[PDB]
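Quick heads-up: the structure tokens below are two forms of one chain, split into structure 1 and structure 2.
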Structure 1
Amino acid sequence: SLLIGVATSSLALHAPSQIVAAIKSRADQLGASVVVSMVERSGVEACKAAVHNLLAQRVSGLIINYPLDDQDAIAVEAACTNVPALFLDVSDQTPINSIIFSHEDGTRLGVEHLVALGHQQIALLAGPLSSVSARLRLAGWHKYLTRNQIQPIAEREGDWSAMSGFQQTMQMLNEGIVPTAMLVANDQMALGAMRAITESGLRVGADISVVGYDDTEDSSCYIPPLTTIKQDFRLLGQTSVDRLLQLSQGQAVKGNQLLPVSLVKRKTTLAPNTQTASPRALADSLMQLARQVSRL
């Protein structure tokens, strides 16, 4: 019935795909409908052209799941010709209709957790700094780390992908920076970091703890199971469809809304390794590896 138009950022990432899917899930309940358009991933203009396409579609309202800086947020919004526009990837400080997850709680649950566990040397692996959310999370980790008087020994950013956690986390360790813990921007890059740690002959949990962010499906699995900050994209899905519907149907709601968020503890977190293999230990292993090579 009520045609919904969604400007979504690359569905290649799991969160968006799970969000769009939720949107479709709820829409079907209200007998509504969703038509999806994928922003070219390049800021306002790309975002704006998508919306323009959506309007030409007979779109009743719009849900804009795409990372928009303030200035660009009001713009795209101003572009939505009297059509109710709800934004899912902005700042809770933007004067537009939005529903977003608590970025304060999320960044808090993570630090507090790692601290309550005894981690001192912690590293940050942020999402691309082009994204609102990423920067908003990097900020949280800084507000609460210093609150607990902690200073990140290393910080760096990927692009939300597994291979990025692997790229960044490999480069770091090489630099001889080995935190006892890592606070990651999302689960995917987290999978990447857990991949780079084992690659480095370290254990996850046991040597270097990793906290994700999102709780995208696959994460209950992952080896070992990823402790992360769950964001219910089923909630963000219904809440936003419903709101967009109200907004559509003159039910003035206007502002920004913040969603719960939570800490799902699993196995990538233990705290923190006191020891490390000594030259003696490495030489030993090397001995038998030598022997084995000899045998060949």
Structure 2
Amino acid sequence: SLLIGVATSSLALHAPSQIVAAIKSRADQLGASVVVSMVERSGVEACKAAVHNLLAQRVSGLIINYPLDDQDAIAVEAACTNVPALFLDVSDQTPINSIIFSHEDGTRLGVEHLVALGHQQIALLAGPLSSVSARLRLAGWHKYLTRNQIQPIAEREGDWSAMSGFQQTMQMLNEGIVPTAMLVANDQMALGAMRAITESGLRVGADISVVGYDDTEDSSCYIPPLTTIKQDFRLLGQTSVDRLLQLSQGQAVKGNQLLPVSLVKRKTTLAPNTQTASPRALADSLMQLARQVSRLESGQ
């Protein structure tokens, strides 16, 4: 056979779902089988139970896509016994085998994008601080904002869901707190924020700019399509499967590898309320008008 175990967080969230699907696609290509154990949001012990389950299934190596701090990751690794384990949601600092997206770059890129557009009044929508990725991202935003001499005007915590993004953003705006831009810790929350902005009678981009994090699959189809930090989950799943097999063959490939990230510029960010509309915004308006003009035609 050749059997890979994956311990994953709630596949209710889009990013972990795309990661397991990428892992599966690479496995298929290499003729490896994959079995998935889902971890309840309780933490290390739930994660340890999943690993034990997977070890009972006679897996040849583990991919752990679940948020773990330094000592918990080490504890989860120790429970893996001889079989190799590769961690996908940890700090790059933890001394285990891991493949992580660069949080330093993801956070920087979002901040600098907004700073270079002229934003000063920036609000932050964090993920749940129980997640190491949420902590890393929030701390990065803070670092690069202060480096650019900005303190955010407000700061809220969601739970990774769209509804939390709506409720947090809506409560901020209801308090009279109106940023020109938001950094949001995932694209699902960013959707909710975007909805809150829109339903407050403000325009996403033009009035309040929004930057998500992930580039999960739907984001290109948000209204307007979402500017976001792309984490290439297909790359992650491919590299993680290849590395797990290297590890199982005794390839001296141990420790952290970082994966680069990028900013995908779509339509949710513009310079803040300055009496000259941006070229990209004008162009989109003109394209929309072009479609309306074309439909002035007949039908034969």
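Residues that one form lacks are left out of the comparison. Along the sequence of structure 1, residues get numbers from 1 upward. By rigid core we mean the largest C-alpha set that fits within 1.5 Å across both forms.
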message = After a rigid core superposition, would you say the CA of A12 moves by 2 angstroms or more between structures 1 and 2, or not?
response = no
### Query
Superposing on the rigid core, does the Cα of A277 end up 2 Å or more away between structures 1 and 2?
yes
For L286, the CA shift between structures 1 and 2 after fitting the core, in Å, is 29.9
Here the CA of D69, compared between structures 1 and 2 on the core, is shifted in angstrom by 1.1
Per-residue Cα shift of 2 Å or more between structures 1 and 2 after core superposition, grouped into runs of 3+, gives 274-296
